[PDB]
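Residue-level structural notes
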Amino acid sequence: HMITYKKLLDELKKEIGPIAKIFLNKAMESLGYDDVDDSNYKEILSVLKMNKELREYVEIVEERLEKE
Amino acid sequence: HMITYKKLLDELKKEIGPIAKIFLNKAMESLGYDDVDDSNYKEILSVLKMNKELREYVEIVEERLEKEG
């Protein structure tokens with residue numbers, strides 16, 4: 001059930017569609033993360049939750065991933 | 001004394017080198033901020049402090065800004 005780049009992008013796409021890949025990559029690049037895994041995914045989403053435009057959508061993505 | 005984009009980029013480049021430009025811009029863009037000002041600079045730096053390779057250097061910039069304040 002481990003989180004991967006593809007699982008995090010697929011969940012983000014369910015809420016924010018065609019801007020998911022570009023925002024994921026921006027946040028990863030800022031944070032210096034060279035992959036996505038269980039140890040860093042929450043940190044990536046925490047950055048994007050601070051963006052006022054994305055916040056409500058990112059909350060739903062985080063909640064769904066935590067369930068899994 | 002207001003923090004500006006130029007000021008913040010100049011402080012970061014002192015510690016991190018030319019690449020600071022891309023880290024600063026990618027943090028700003030992730031957060032949805034189109035400028036740097038007194039209201040948002042600490043939040044911008046908070047993102048860059050979460051970068052393990054940058055963290056000490058960003059702490060030094062924060063410290064230098066606090067001293068000047």
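X-ray crystallography is the method the PDB entry states for this structure, with the resolution given as 1.60 Å.

Where the PDB entry is consulted, chain B appears under the name AF1502, with the organism given as Archaeoglobus fulgidus.

In the nomenclature of the PDB entry, chain A corresponds to AF1502 from the organism Archaeoglobus fulgidus.

The next subject is empty space enclosed by the protein. All names here are of chain B. Of the volumes computed, that of the largest cavity is approximately 30 Å³. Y41, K42, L45, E62, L65 and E66 together form the lining of the largest cavity. Looking at the lining of the largest cavity residue by residue, the class counts come to three nonpolar, no polar and three charged.

Applying the stated criterion to the full structure yields ten salt bridges over all chains. Linking A:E15 and A:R64 is a salt bridge whose minimum nitrogen-to-oxygen distance equals 3.1 Å. Taken as a pair, A:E15 in helix α1 (residues 5-16) and A:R64 in helix α4 (residues 55-67) lie far apart in primary sequence, 49 residues in all. Residues A:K26 and B:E29 are paired through a salt bridge, measuring 2.9 Å at the closest nitrogen-oxygen approach. Residue A:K26 is located in helix α2 (residues 20-31), and its partner B:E29 is located in helix α2 (residues 20-31); the two belong to separate chains. Several salt bridges converge on common partners, so that one network encompasses A:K26, B:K26 and B:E29.

Thresholds, definitions, all that
Residues numbered from 1 in each chain as written, not as in the entry; some residues may be left out. Chains lettered and ligands numbered in written order. Heavy atoms only, no water. Residues with missing side-chain atoms left out of burial classes, pairs and counts. 1 Å grid on protein atoms, 1.4 Å probe; cavity = no way out; pocket = protein on both sides within 12 Å on 5 of 7 lines; lining within 4 Å. Points joined across faces, edges and corners; volume = space filled by probe spheres on them. Nonpolar A, V, L, I, M, F, W, Y, C, P; charged D, E, K, R; others polar. Salt bridge = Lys/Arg side-chain N within 4 Å of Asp/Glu carboxyl O. Helix = DSSP H or I, 4+ residues; strand = E, 2+ residues; numbered from the N terminus.

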